[PDB]
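Enquirer:
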Amino acid sequence: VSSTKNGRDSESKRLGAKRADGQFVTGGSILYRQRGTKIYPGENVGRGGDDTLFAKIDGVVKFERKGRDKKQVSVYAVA
RNA sequence: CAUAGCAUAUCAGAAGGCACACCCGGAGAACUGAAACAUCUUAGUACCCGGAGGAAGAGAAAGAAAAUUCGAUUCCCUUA
RNA sequence: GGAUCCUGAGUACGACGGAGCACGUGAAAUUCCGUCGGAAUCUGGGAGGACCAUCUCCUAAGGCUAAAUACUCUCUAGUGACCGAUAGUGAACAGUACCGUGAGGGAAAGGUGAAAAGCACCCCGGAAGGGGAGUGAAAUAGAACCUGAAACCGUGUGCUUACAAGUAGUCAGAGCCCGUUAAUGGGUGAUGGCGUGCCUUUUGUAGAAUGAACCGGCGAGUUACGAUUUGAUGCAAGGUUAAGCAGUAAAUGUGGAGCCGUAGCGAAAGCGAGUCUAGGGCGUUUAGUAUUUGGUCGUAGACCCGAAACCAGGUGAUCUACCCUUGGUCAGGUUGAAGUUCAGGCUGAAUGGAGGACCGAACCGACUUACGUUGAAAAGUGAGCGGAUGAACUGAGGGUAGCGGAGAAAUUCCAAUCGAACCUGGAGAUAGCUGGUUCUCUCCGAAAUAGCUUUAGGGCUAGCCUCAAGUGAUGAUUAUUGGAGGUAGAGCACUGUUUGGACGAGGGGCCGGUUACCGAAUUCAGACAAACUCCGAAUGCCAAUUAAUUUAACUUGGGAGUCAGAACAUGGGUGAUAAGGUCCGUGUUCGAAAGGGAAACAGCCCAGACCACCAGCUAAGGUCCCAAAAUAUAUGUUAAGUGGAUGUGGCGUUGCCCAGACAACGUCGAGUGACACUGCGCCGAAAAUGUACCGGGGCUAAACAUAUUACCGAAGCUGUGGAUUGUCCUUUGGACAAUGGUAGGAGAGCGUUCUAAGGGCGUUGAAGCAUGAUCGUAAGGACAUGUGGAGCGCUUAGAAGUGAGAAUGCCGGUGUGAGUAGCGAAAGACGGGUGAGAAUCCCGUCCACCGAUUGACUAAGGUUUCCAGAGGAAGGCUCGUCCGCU
RNA sequence: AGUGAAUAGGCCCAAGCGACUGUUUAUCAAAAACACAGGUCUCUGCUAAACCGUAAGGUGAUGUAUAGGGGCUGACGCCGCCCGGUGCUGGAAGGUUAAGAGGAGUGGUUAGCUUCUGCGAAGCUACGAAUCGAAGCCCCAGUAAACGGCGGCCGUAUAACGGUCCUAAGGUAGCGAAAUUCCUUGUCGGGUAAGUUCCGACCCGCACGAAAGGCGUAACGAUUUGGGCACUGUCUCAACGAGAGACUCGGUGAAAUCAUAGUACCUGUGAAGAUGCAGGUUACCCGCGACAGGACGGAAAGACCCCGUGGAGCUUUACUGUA
RNA sequence: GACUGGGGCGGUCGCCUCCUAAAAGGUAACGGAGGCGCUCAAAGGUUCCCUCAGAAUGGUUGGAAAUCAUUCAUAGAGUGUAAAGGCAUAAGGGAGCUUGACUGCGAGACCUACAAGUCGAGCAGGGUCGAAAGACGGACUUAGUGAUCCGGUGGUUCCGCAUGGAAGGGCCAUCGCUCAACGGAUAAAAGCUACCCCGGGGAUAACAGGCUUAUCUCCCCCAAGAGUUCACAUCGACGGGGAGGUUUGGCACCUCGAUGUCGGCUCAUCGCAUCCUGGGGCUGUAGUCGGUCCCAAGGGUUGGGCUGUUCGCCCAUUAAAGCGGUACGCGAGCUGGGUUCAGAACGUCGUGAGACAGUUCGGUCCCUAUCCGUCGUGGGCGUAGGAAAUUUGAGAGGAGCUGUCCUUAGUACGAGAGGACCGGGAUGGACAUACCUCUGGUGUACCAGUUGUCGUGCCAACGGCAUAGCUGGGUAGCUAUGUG
RNA sequence: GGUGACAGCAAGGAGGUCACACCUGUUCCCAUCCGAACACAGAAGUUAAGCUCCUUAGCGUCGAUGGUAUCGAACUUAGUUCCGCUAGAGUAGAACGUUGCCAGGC
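The number in the deposited numbering is simply the position in the first sequence, starting from 1, with 14 added.
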């Protein structure tokens with residue numbers, strides 16, 4: 015009988031943290047999924063063209079603090 | 001004229017029935033499957049017609065092939 | 001010898017249209033039919049999957065041709081881990097009885113005994129039937145004849161019953177009567193407690209949702225060939241034969257065509273423990289193969305039953321429609337439209353009497369209304385009513401046939417069937433839909449959800465279940481530690497909403513201006529947000545660990561089911577701050593869960609049933625009687641039984657103060673009167689069978705409260721004995737245990753029929769049938785006795801038409817309704833006769849009925865029914881001595 | 001009491017629809033439906049057209065336009081504006097452009113006569129001015145008892161005329177609240193009755209315009225619809241008689257149905273409407289006669305509604321074929 | 001075609017962003033909001049530099065402001081495209097040179113049923129910008145497509161039929177139309193059933209039951225005033241507020257192997273939210289009139305004309321002509337007018353088959369009562385001796401309604417006309433009950449009489465049949481309209 | 001002065017060619033309407049400003065203690081109890097940088 019104008023939405027992307035602080039990761043592992051730079055790269059960490067943070071060596075991840083509010087993620091080598 | 005044909009005297013050659021099971025011909029569906037349906041499938045099946053034999057049909061290289069060859073046709077097992 | 005003539009004509013070949021070849025017409029190469037066109041004669045011509053060449057290969061346009069091969073309506077001889085009378089052929093005695101116009105469809109029905117010795121004779125009886133007696137091993141072996149179950153119907157008897165409320169049982173329990181597989185014995189049962197059948201389908205069924213009257217028989221995952229994965233066994237770098245052959249329709253023997261493996265990779269040439277494009281994929285660091293067993297799958301009808309329909313070949317116009325040829329019927333009345341004589345000046349004295357005429361019988365029809373509706377009748381009867389010389393009614397013959405025919409037209413008719421008749425076949429059509437699907441126990445045990453889908457009550461993969469093999473901390477819960485993150489709450493600093501309160505430059509007041517006033521701006525002043533935040537939890541999430549208790553977790557395989565969910569409490573959307581509403585999220589319980597409480601009451605509270613007991617402690621809820629346990633204590637409230645008002649309850653301050661404050665127009669003496677946060681009340685509150693919520697009786701506590709204690713209360717836990725299975729010290733026992741269950745997965749068994757081998761039994765009595773107070777954890781097994789009169793167990797192995805309570809299942813038998821509905825229109829009375837028997841048969845004498853017919857003929861059609869004598873088993877809606885019956 | 005019994009038309013006034021006699025759904029419809037005698041329109045020159053057949057052969061018809069086949073319409077009597085498939089026979093003549101012939105002239109190649117370069121003839125080759133002329137170009141210069149419509153707006157409830165868009169006009173008479181109008185029992189009204197649904201009186205034409213005929217009739221009629229007079233148990237309001245059933249006795253003797261039954265009520269509970277559950281209340285056992293409240297009574301696997309990649313029939317400018 | 005708080009009509013169907021979403025991720029509805037089916041040879045790369053809308057300040061025309069300088073001026077600027085998350089390392093605004101908007105690959109990871117999708121260090125090769133480190137595999141991030149099959153263009157060191165070219169396959173690169181219902185039935189496809197059939201479903205609608213109560217009927221709570229004026233005698237304006245009972249709707253829990261029907265007829269039984277009668281009171285009741293309330297449930301509560309009607313308007317009455325429940329009480333008790341059936345006429349709308357919901361005429365209502373229940377009537381047994389007759393009454397059921405004439409009284413009262421209440425017996429009535437037949441009447445099927453046709457015994461008189469042939473009277477019994 | 005580890009904004013006060021700035025420039029490499037920017041060449045005079053030394057907490061930044069709730073559990077169907085973890089406001093209070101490795105000069 016009636017006409018509903020709404021009814022749209024998109025598929026949810028699975029953004030956010032992917033590995034845990036203190037956890038041993040492997041080289042080229044994805045540590046955080048994000049639109050934008052909610053968290054910056056750090057030591058032995060890169061960013062891809064989707065704003066994806068990733069490791070560059072085999073180590074241990076620590077989330078830390080960059081300036082006064084900016085946050086970053088690093089990987090430190092020796093396990 | 002002559003054919004056709006009329007008869008006559010002759011041989012009875014046929015006609016009907018069917019084991020339609022098998023075999024050889026003429027004609028020839030649909031439901032169904034494709035998760036609908038039309039090319040396709042069921043299927044050259046069912047059913048109808050003929051011939052009708054004890055078997056029918058095929059068969060003796062204008063080939064198969066590529067070797068050094070087999071060697072008409074028909075049937076079984078492989079290749080599959 | 002090898003080319004001097006011959007060497008298979010509308011042929012070969014081409015095109016347009018089709019077809020057959022595994023092949024959808026492309027390269028159709030190869031081969032055929034229709035229409036047309038249409039070459040060559042051996043250094044020729046045709047083929048080798050388009051095609052051009054070298055190479056092979058062959059010589060069409062003529063004919064015949066054994067063997068090895070297919071099938072069985074038949075014949076003779078035989079065979080079977082094939083059926084035994086609802087089976088096996090439809091058919092053991094039938095294409096019959098019967099049904100249909102026809103094509104066509106199509107049953108039920110075996111049994112005396114060894115031998116008829118098949119019951120001489122007497123008694124009762126009209127007879128039938130029986131009682132003796134006889135024959136027989138045996139007549140409860142007598143033809144309704146082997147055995148003889150159950151439903152259902154009776155006669156007798158031990159116990160019990162006329163104040164009683166019900167799924168008919170179970171547990172307790174007197175009284176009376178008995179005496180067995182003699183054992184913690186059997187029958188019946190005053191009286192008390194508890195208790196809403198089964199199956200199916202469902203979120204949920206006592207259900208007023210489905211199915212079944214009862215009892216008996218029959219009635220549903222099979223086989224063949226392939227594939228995958230388990231178990232077993234042989235051989236092993238190998239393993240194994242197929243068809244065929246000699247043998248018995250067996251084993252065995254033989255027979256290496258083939259198939260798998262020992263090596264893979266790449267599209268492929270190819271390379272090779274490597275290869276394809278260093279870094280990568282699939283590989284190498286070896287066990288396979290044959291037969292057989294279990295599970296699942298594929299092609300077959302593939303677990304069983306069930307459509308509406310489609311197609312093919314046939315049957316029917318003896319019903320009905322229209323037509324053709326040849327024949328019949330239509331009582332009586334009424335009426336003067338060109339009839340017609342005379343008389344008059346064209347109507348009077350007169351009067352053929354026609355017509356889809358107009359009243360009415362025969363005949364044809366069917367408008368109203370009553371009756372009838374398990375009918376007298378699958379379309380009728382009574383009373384009225386329409387036509388009744390016409391387009392009338394009707395007989396005998398012939399003709400049109402299903403995409404058809406016929407139709408004064410209604411989808412109306414075509415054999416009681418028609419928007420497409422009937423029969424047989426394809427055919428076991430298809431049915432993602434409903435129903436049904438048959439012995440026992442032990443262990444484990446879901447789901448009602450993603451995603452996609454011409455998909456939405458279906459399916460597929462994932463999730464969750466089960467079984468086996470492997471791997472080894474990788475599993476779970478708490479501590480102590482880091483970490484990612486914007487919800488509750490709060491807050492306005494940003495985006496928007498906000499109400500009051502604010503300041504002058506200026507368009508403006510004017511006669512350019514004043515100034516208040518209109519608008520925006522900034523301004524001090526303060527509430528709000530799912531799509532505002534910077535200031536942020538509790539929890540939940542990931543992880544790491546020399547941080548403690550626990551027993552999981554994962555990978556690869558075989559097998560599934562599930563895809564309708566429900567209430568409750570908490571977080572939210574939608575709706576109305578509705579719904580036993582609807583949609584998500586986090587838990588619980590039902591589903592699939594018995595037990596106790598809530599009166600009753602899947603989903604609420606407590607709690608998870610292996611089995612025995614007339615042992616004990618407790619949970620939730622309870623302790624006056626029903627109905628177990630406190631009429632228990634001590635101490636308080638309640639008087640009501642089940643919007644505001646002076647209603648009352650404190651802590652309070654207080655204005656006026658006994659100098660005399662509120663009244664009576666100075667008497668008067670003890671507080672006055674106010675203003676509130678809180679306790680019980682107050683009205684507040686007005687439906688239909690019958691008191692009606694303590695469930696009832698009843699209660700002033702037996703109400704509601706608080707604080708102690710006592711006790712009762714479950715299938716929870718503990719005692720005692722037992723079973724089956726894990727678990728592991730393994731003394732397999734002492735323990736550590738465990739043991740509700742639907743779809744469904746796994747294991748172990750019980751019975752039935754048949755076969756092999758070995759041992760048994762049986763006329764001194766097999767199987768079957770009936771009874772018993774016996775044994776086994778269950779399905780089930782014995783033994784004793786009676787009946788029966790020739791076959792049947794056990795042990796180990798093998799093979800299946802291997803188990804029924806449900807399908808509005810199929811067939812047979814027998815109930816209930818019930819001594820009930822009905823006995824089909826219609827005159828009978830009396831006397832006599834015959835008879836075992838008479839309302840009913842025969843004979844009277846009366847009396848009634850039809851009275852254009854219930855009369856007499858004549859047809860079609862039917863086929864002996866017709867006459868006489870005998871007879872009453874069945875038939876005849878009662879009877880029967882009678883009869884269309886024998 | 002004289003048709004002394006039995007038999008034998010009820011009438012009158014007003015309206016629809018159909019001319020009439022006839023025919024029709026065997027078995028819920030007998031009629032306004034179908035026919036009909038007449039009208040019309042069209043096709044057929046005869047081995048006619050048309051129809052059945054694969055065809056041969058047939059019917060039409062042993063007929064021949066005063067004859068035959070098909071459609072519409074229905075006796076009798078009174079009764080135009082229009083052809084629009086982006087437009088259809090006439091008057092016409094200026095025309096334009098398809099196919100074809102017409103050739104003043106005009107070029108690569110040597111391009112003579114002139115090598116001191118130009119009417120360039122003429123060959124193979126490579127182009128081109130005149131003026132003329134088909135259907136269509138035209139309002140395609142017919143058509144309606146053929147499919148059809150009869151316009152929108154606006155002055156205003158092409159309604160009356162009044163200015164209009166564009167076309168073929170978008171209305172002849174006649175009728176005019178309409179088996180058709182919701183507003184609208186239109187407003188007007190009236191005849192009849194005590195009280196309405198008892199009969200036609202303006203145009204104020206949603207849903208109007210003439211053989212898919214518009215108006216009038218005398219006859220009809222088991223047709224529809226009103227109003228009177230007879231007359232009556234139709235009713236007030238029932239009573240009494242006569243028979244057949246019923247009901248008692250002798251005889252004979254079914255059927256649908258059925259899980260087993262020792263089968264009460266009220267309030268409640270519950271798959272939300274209980275003989276069977278809870279709490280109460282009432283009730284000795286067993287028949288016959290009568291009634292119809294409940295056993296969600298019996299009967300027919302709901303015909304309404306939805307669903308199935310189920311079907312059948314019909315239509316069409318659905319898709320694909322084909323006579 | 002599907003979805004769908006039944007279906008149809010309507011809307012939608014793929015992808016992106018945000019809320020709902022409960023601080024990881026995920027998460028529904030026909031819940032609430034917006035975008036996409038591209039664009040850019042620079043808006044790409046790399047080396048440099050460089051940094052506010054607005055306000056205030058003034059300034060040659062000043063559309064006030066664009067153009068002009070100074071004070072700021074938190075980024076509020078701005079970023080091609082909606083949103084969110086991020087950016088002054090600018091990822092924003094200029095300049096140079098350029099094309100990395102390259103060729104092979106990739107340890108490992110995110111996401112996920114699958115097929116798809118996402119990110120990547122770094123290793124080769126060959127390069128652009130920068131002096132150099134170094135940076136670069138498009139774009140601040142995330143939308144801008146869609147398998148396979150067939151078909152079409154070019155390379156090749158692949159196969160290719162005996163051998164060899166070779167058309168054709170294979171591989172590598174590159175295209176095009178359609179799949180928007182966007183996991184695409186093969187890339188070709190409309191309607192009416194009212195003759196409708198079969199398989200199913202209370203998984204899902206229409207009636208009745210159940211829940212709810214927006215709506216509906218009512219009961220309470222608070223006020224400017226009208227009313228001459230006096231708020232409250234009368235009404236309550238804008239009004240908003242609490243409740244109670246469930247009648248048009250919301251929901252889809254029983255019933256689709258059937259719970260089968262609207263009005264009327266016959267017969268009831270409950271309620272009170274009272275129509276009459278019965279009590280009372282208030283009055284802005286002079287007085288009858290009346291207004292107005294409260295208490296009160298026993299009994300009563302009508303005859304017709306029109307419409308199928310519920311409902312509704314009208315004529316006459318009456319003391320009065322209430323409002324509700326009971327499957328909108330009652331169809332195994334009745335009818336069948338309305339409406340859901342096959343025929344037909346008209347109107348409108350469709351090409352048409354048909355439809356509408358408009359009309360109009362015509363159209364088949366089954367059942368033998370088992371159990372419980374109800375109304376009547378019997379058999380059995382019982383109860384401390386057996387019988388016959390009289391009784392008591394625990395407890396049940398039935399009956400309680402109405403109107404005239406007479407005082408009173410013409411007194412109260414009425415400046416006028418108009419008219420109080422109140423007391424006695426009685427009275428004879430209307431309905432409905434329950435007796436009965438003496439009276440008026442009905443009927444009388446074995447009673448008396450008159451009469452017409454016919455047939456028998458032959459005149460007549462009888463008897464038979466014509467509805468008891470017909471006509472006129474009528475005993476007992478049974479009766480109303482009669483009497484109590 | 002340079003680089004390098006975890007507090008600001010401004011407001012009065014002063015102090016010097018050792019720092020570095022203020023200036024002199026168009027003269028050159030640089031370089032744009034403008035040597036206003038950017039370059040380079042001066043180095044005359046100089047703490048007036050930037051720099052630089054407490055500093056004022058006035059603005060700003062941190063941040064207590066009290067304790068005003070939401071997991072768990074019962075009671076109940078209207079929010080009440082026992083727990084554990086405790087916010088945002090807001091008070092007090094601090095606070096005008098601790099200061100890592102070199103030159104020069106101490």
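Every residue gets a Cβ at the ideal spot worked out from N, C-alpha and C, and that includes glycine.
#1: Could you give the DSSP three-state label for residue 78: helix, strand or coil?
#2: Determine the burial state of residue 39: buried for a count of at least 16 other Cβ atoms within 10 Å of its Cβ, exposed for fewer.
#3: Is residue 75 closer than 8 Å to residue 45 when the C-beta atoms are compared?
#4: Going by beta carbon distance, what residues of the same chain come within less than 8 Å of residue 78, once the five residues before and after it are set aside?
#5: When you compare the CB positions of residue 72 and residue 41, do they come within less than 8 Å of one another, or not?
#6: Considering residue 60, what are the terminal residues of the beta strand (DSSP E) in which it resides?
#7: Drop a sphere of 10 angstroms on the beta-carbon of residue 49, count the other beta-carbons inside from all chains shown, and report buried for 16 or more, exposed for fewer.
#8: In chain order, what are the residue ranges of uninterrupted beta strand (DSSP E) at least 3 long that sit wholly in the stretch 18-49?
Expert: According to the structure data:
#1: strand
#2: buried
#3: yes
#4: 56, 85, 86, 87, 88
#5: yes
#6: 59-61
#7: exposed
#8: 44-47
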